[PDB]
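Starting off, we have a lone chain in the form deposited in one PDB entry, written out as structure tokens.
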């Protein structure tokens, strides 16, 4: 018996770490688990070819935001039984439980595996040298912009690069997702889509959504984000933070683990950034504190010839011991509420900042058409960033771009 699992690159040697995690299950049940690692950039294509063809693994990792679209294709085995075995709805944060199904589906189709949410990593040495108090900078939008202003003024140079640091690094290349933009939209009192009047419609062009987006993109326009950063993607900016080029950058909890791994092992432990690392939550906007809350679930294809063994592997991967172990190896958070108490999470002060930020986590609605919506939003946001690269983003230019995105999103939501 060989069980097939597809996963994404959740740790530095992702297949080895997954193989170590399931070894006790393999021994107990007399099976080999065969793992395939898919890069995030292609995983959606490969999982959808599997859905449409009926040729694929037993289990796949799914980003939480993908569960609705794959569920709607009718290729996922119901897993209400597995979720009840793991303690049901009470065992999960609502933000996680909502990811277990297509919104308005009668059955669960994904088992929570791990959670992650976004916060700001910052250079403790750089904010000190600029006289920025992080408790002020990360409190409000006003604090944030004043902190970046001090950081632009600062005479600080990285000890390794002997060069200045960008106040804020954020990618300007057309993004794959709204994860970076979402907290700004939400903090202004906006949303990406809104349910009202028996339907979902775009809200990207609401006055609140546009205030949040404009506030965010205009930081770069004011010189707090260098031109070089506008020409990079998320991975490039992450490498730039590691390499000592950025004072502030937003990411998830995994960067804490990577900071304890040597560079030659896929981390940045030797680097000045690893030795001077802080974490602060997203600042409150005018309408409050929000961050993107996501993670990954596991799903079982209903064409699997190994559903019994696969359901036992889902209960194993979703249960307390494996929850702690995998989160320890990846730097993610457990999906199961009870596993957060482990001292490897609670006694880690940077991760404690992420745990506290989870109070303000916000998810996307689990819609069948979510990917279509997010893809039209990011195409138009990429045009917005291209105007920032000219210094020509106006409120009117942004509104016109979000009015076009909204027309297209509304047409897709019909």
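By rigid core we mean the largest C-alpha set that fits within 1.5 Å across both forms. Positions refer to the first chain, counted from 1.
Per-stretch averaging of Cα B factors for 123-131 and 208-216 places 123-131 on top.
The mean C-alpha temperature factor is higher for 359-367 when 59-67 and 359-367 are set side by side. Per the deposited coordinates, the residue with the largest Cα temperature factor out of 172, 197, 295, 331 is 197. When the C-alpha B factors of 325, 289, 176, 337 are read from the deposited coordinates, the top value falls at 289. Split the chain's modelled residues into thirds by C-alpha temperature factor. Residue 44 is in the highest one. Among all modelled residues in this chain, the alpha-carbon of residue 316 has a temperature factor (C-alpha) in the lowest third. In this PDB entry, the Cα temperature factor of residue 307 sits in the middle third of its chain's modelled residues. Remark: residue 33 belongs to the middle third of its chain, ranked by C-alpha B-factor as recorded. Ranked by C-alpha B-factor against the other modelled residues of its chain, residue 349 falls in the highest third.
Just so it is clear, the following notes concern the form deposited in another entry, a form of the same protein that is not shown.
The one residue among 107, 218, 140, 206 whose Cα position changes by 2 Å or more between the shown form and the other one, with the core held fixed by superposition, is 107. Annotation: Cα of residue 189 displaced by less than 2 Å between the shown form and the other one, core superposition. Relative to the superposed core, residue 313 shifts its CA atom by 2 Å or more between the shown form and the other one. With the core held fixed, the Cα of residue 345 is displaced between the shown form and the other one by less than 2 Å.
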